[PDB]
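Colleague: Below is a structure I'd like to ask you about.
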Amino acid sequence: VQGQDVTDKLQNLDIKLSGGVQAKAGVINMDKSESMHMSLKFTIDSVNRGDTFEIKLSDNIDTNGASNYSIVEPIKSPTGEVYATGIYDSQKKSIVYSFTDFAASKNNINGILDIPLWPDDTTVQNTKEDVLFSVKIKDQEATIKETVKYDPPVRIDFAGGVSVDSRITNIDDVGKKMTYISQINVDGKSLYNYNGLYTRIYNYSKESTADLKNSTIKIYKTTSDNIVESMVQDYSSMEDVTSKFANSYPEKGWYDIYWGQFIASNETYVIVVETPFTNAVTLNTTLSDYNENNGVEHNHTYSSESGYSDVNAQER
């Protein structure tokens with residue numbers, strides 16, 4: 001009665017994948033944010049309370065970089081009912097569903113899942129040609145090859161070849177926090193400008209809900225060679241300069257940094273920022289003069305105004 005794993009006890013199970021939501025077929029771009037799509041139907045006799053089943057995922061499929069386990073939409077009855085809750089574990093990269101009472105009470109129980117997955121920005125660090133994505137279960141599996149790109153930085157042949165890129169990586173929706181990483185001097189070029197060079201992080205639209213006011217910025221220093229497209233890497237193994245360039249929890253409500261007149265060929269900076277967050281946000285980082293007359297910037301929005309994470313009810 002206590003419950004147990006029942007993946008064996010599964011019939012007519014058909015699982016698949018695809019894209020569609022992607023810019024242009026055969027390619028998945030983060031700086032834009034597209035996804036995969038697990039088609040999954042199945043039938044079963046009877047199941048008790050705790051009974052569960054896995055969905056083995058490849059070492060590169062992520063559901064939500066946030067935390068170390070994300071809850072995924074449950075399976076439902078034709079009449080939208082609690083049928084089986086789901087939960088993705090980042091360490092064992094597999095999704096798990098634990099049935100409920102409804103599941104026990106019935107016999108001709110048929111379930112279906114249309115879950116949208118993404119590539120993992122921690123493993124698929126840089127850009128790839130035809131990556132392999134696979135979702136497995138009992139006997140049936142589900143392959144699909146897609147490319148994985150990250151829009152280039154932004155550059156103007158000014159002050160030597162000023163370059164910048166940025167991106168919202170994790171979005172702790174529950175706790176309401178984001179991680180807005182940014183890279184300075186991506187191309188990695190020796191760049192100078194009398195009157196100085198600066199970097200400023202701020203929310204771009206009158207109605208962003210960043211609240212940098214209560215954010216935590218942390219800066220690391222490195223070399224363009226060993227840096228990633230996704231910006232998600234092992235920072236300890238690189239110099240921490242935060243303390244000397246800027247302090248977290250800025251009163252102004254935006255960070256501004258004076259790098260000085262020169263940034264060396266090798267000198268590149270990773271700026272991780274963790275802020276609060278509300279309905280929607282869109283913010284950028286710059287690399288310009290005290291004015292932004294001459295400079296460069298990179299924005300990255302998120303909205304999802306009142307959505308679109310928990311998209312209850314969806315059929316295609």
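Ligands are numbered from 1 in the order shown, chains are lettered A, B, ... in the order of the structure tokens, and residues start at 1 in each chain.
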Taking the backbone alone, and naming residues the way the document does, which bits of stretch 42-191 of chain A are strand (DSSP E or B) by DSSP, as a VMD selection string?
Modeller: chain A and resid 42 to 44 52 to 57 61 to 62 69 to 76 82 to 89 94 to 99 109 to 115 118 to 119 128 to 132 135 to 136 145 to 149 154 to 156 162 to 172 177 to 184 191
Colleague: Mind dumping a table of every stretch 132-196 of chain A residue within 12 Å of stretch 80-103 of chain A, with the nearest atom pair and its distance in Å to one decimal, using only C-alpha atoms, sorted by chain and rising number, as JSON lines?
Modeller:
{"residue": "A:134", "atom": "CA", "partner": "A:94", "partner_atom": "CA", "distance": 11.2}
{"residue": "A:135", "atom": "CA", "partner": "A:94", "partner_atom": "CA", "distance": 8.8}
{"residue": "A:136", "atom": "CA", "partner": "A:94", "partner_atom": "CA", "distance": 9.1}
{"residue": "A:137", "atom": "CA", "partner": "A:94", "partner_atom": "CA", "distance": 9.7}
Colleague: With a cut-off of 10 Å, could you pull out the residues of stretch 9-49 of chain A touching stretch 298-308 of chain A and give me the nearest pair of atoms for each, distance in Å to one decimal, using only C-alpha atoms, ordered by chain and ascending number, as a tab-separated table?
Modeller:
residue	atom	partner	partner_atom	distance
A:31	CA	A:300	CA	7.8
A:32	CA	A:300	CA	8.8
A:33	CA	A:302	CA	10.0
Colleague: Measuring between only C-alpha atoms, which one of A:309, A:266, A:278, A:183 shows the shortest distance to residue A:229?
Modeller: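 Selected residue with least distance to residue A:229: A:183.
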Colleague: Between atom CA of residue A:17 and atom CA of residue A:126, what is the distance, to one decimal in Å?
Modeller: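 Between these atoms lies a distance of 22.7 Å.
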Colleague: Which one is closest to residue A:60: A:205, A:169, A:268, A:123? Count only C-alpha atoms.
Modeller: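 Smallest distance to residue A:60 is found for A:123.
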Colleague: As a compact mmCIF listing (two decimals) with C-alpha atoms, in the first residue's frame, please: the residues near residue A:25 (cut-off 12 Å, only C-alpha atoms, same-chain neighbours under 3 positions excluded).
Modeller:
# COMPACT_ATOMS: atom_id res chain seq x y z
CA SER A 18 10.38 18.93 -31.11
CA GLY A 19 10.99 22.71 -31.25
CA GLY A 20 8.58 25.01 -33.14
CA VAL A 21 8.82 27.84 -30.58
CA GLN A 22 12.37 28.35 -31.89
CA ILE A 28 18.01 26.83 -30.33
CA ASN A 29 19.09 30.31 -29.25
CA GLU A 34 13.48 28.95 -27.05
CA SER A 35 12.67 25.35 -25.93
CA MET A 36 12.08 21.61 -26.56
CA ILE A 144 16.49 15.23 -31.36
CA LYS A 145 19.47 17.26 -32.58
CA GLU A 146 19.45 21.00 -32.35
CA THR A 147 22.10 23.66 -32.52
CA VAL A 148 22.71 25.92 -29.58
Colleague: To one decimal place, how far is atom CA of residue A:133 from atom CA of residue A:57 in Å?
Modeller: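 Straight-line distance from atom CA of residue A:133 to atom CA of residue A:57 works out to 8.2 Å.
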